[PDB]
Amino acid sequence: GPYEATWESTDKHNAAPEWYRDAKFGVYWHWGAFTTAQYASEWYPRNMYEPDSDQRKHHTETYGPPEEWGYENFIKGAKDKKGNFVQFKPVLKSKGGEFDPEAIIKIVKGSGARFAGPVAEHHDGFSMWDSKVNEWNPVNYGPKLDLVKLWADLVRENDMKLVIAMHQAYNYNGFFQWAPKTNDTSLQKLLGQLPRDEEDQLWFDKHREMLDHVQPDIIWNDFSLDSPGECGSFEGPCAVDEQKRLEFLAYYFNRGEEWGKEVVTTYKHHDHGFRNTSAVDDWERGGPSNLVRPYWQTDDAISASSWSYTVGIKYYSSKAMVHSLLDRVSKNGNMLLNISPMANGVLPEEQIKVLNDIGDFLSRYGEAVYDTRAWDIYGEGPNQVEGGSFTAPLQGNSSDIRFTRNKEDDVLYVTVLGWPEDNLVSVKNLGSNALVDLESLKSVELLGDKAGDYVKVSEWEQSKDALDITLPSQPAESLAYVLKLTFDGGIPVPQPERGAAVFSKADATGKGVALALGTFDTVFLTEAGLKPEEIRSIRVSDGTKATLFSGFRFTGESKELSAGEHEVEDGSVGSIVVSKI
């Protein structure tokens, strides 16, 4: 194929194709031999060995000292301290068991997911397809099933794109640091104890074999691709050999071409292992606090605990999952939601309810979500994501709105995260302070009880503070409500309270992009719809300054502009920093 194992060659791959930007919502599942103990988290295989840990205590009391009853026993099977046989060994419903993958995929489809799939290999060294390069797999041991193939075939049968999650870098970069050393070369492969060159080759060989086996539309990667300092006390680079990363990218992108498919690979945002030229950044739980470009995604989980099922696990609400999805989508990302089947393969009813409720929202209000794109301002209101460390998912109310818009850029969806008791929705960024002319606002409609229903909104006034919209009779109850605002000739460009707006014509008219406080490089401005060479004017808000750079990313000649309107020379700007005075 055309791709070579170099950064320059693989940079040319289109990171986020249109189908992926259209998709918005997907589902995957942390289910595997790491679930067998149903204790603590999916990191149980690592922590069962940790000195003085609660997981080691539990393991020692339940199974045996981890030096005698090692993690491999969950895969190969062994009796616990009370004499019960323990093994990851799901039994198909068609064979009289409880594992019903077909039912689970129907539930996932019903949730409105447009991409779905398994964790194919976590950190624990267990490849869940029929693997020749890794004997530690569920065809050789346990259920005698190619779980990844089973899932993939069902995902395709149900008209969803296939995502496969792979976490096999941390396996040999410290996950198993507390496991006993072994001279058994098979056990070394499970526990990441092979020579590092062999481990680096195996990282690639696992990817290669898996992706040829099931032809994934998305390959999702966890950390330790190149994330120095992130592997705790283990002495090592917290990384995969650079050559092997490049060989993976070229191999996958070449197979995509061969298959006639636009494929995607993701990596953790903070990780340096891939580049945002050809791979999609995957943000930490909660996502970014702001609207980020280029297109990105984030993972989340129903569980209020672990990513893998544990006894006593608690869950978040349907409302929080839906409001979180809206928030991510408004900020120019997708949300990949993790679910957590029990070790026997059963999906708990609380999780099914959440998925049903998300699907009930998306089947009704999908117009405001699927196939849309971010506006230049993601939303308004008091309830926000802080970013950084996660605590609990976003839950908004009638005070909060999130924006999305259509591809034609003449329809703005205003989604309010609760029913206003005062029957009023006030959109600040469409008020007069926002310097917005509403002459072109042709209609305002409330989306109704079923998709394709619209209830006309008759009364609205534009104040200084906001477009003040009076709502009609409340439709059937839902977790959020959607207003559809149709303009002729395009949505107006708002002036942020503190911020700026750039324009393609010299007098603050034409195509434009609103900017918050922050840093906006050539990629940002281009994706937002105005290549910076085409900027010919800028309006800087009161209390704000803008610094223009000739360079792509805040280098080169610079110029500072205070509050007001300014003309810009064609081709003079590459990037912009917008700051509070």
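From 1 onward, residues are counted along the sequence shown.
Participant: Is the mean CA B factor in the deposited entry higher across 533-541 or across 33-41?
Facilitator: Comparing 533-541 with 33-41, the higher average CA B-factor belongs to 533-541.
Participant: Got a sec? Mean C-alpha B-factor, which is higher, 209-217 or 463-471?
Facilitator: That would be 463-471.
Participant: Hey, out of 117, 125, 341, 232, whose CA B-factor is highest in the deposited coordinates?
Facilitator: Among 117, 125, 341, 232, the PDB entry lists the largest C-alpha B-factor for 232.
Participant: Going by the CA temperature factor in the entry, name the top one among 385, 75, 417, 337.
Facilitator: By C-alpha B-factor in the record, 385 ranks first.
Participant: Is the Cα B-factor recorded for residue 27 in the lowest, middle or highest third of its chain?
Facilitator: Answer is lowest: the recorded C-alpha B-factor places it there.
Participant: Among the modelled residues of its chain, does the C-alpha B-factor of residue 390 lie in the lowest, middle or highest third?
Facilitator: For residue 390, whose C-alpha B-factor we compare with every modelled residue in the chain, the answer is the highest third.
Participant: Mind checking which third residue 12 falls in for C-alpha B-factor across the chain?
Facilitator: Highest third of the chain for residue 12's C-alpha B-factor.
Participant: Based on the deposited C-alpha B factors for this chain, I'd like to know if residue 149 is in the lowest, middle or highest third.
Facilitator: It falls in the bottom third of the chain.
Participant: Thinking about Cα B factors across the chain, which third does residue 449 belong to?
Facilitator: Middle third by C-alpha B-factor.
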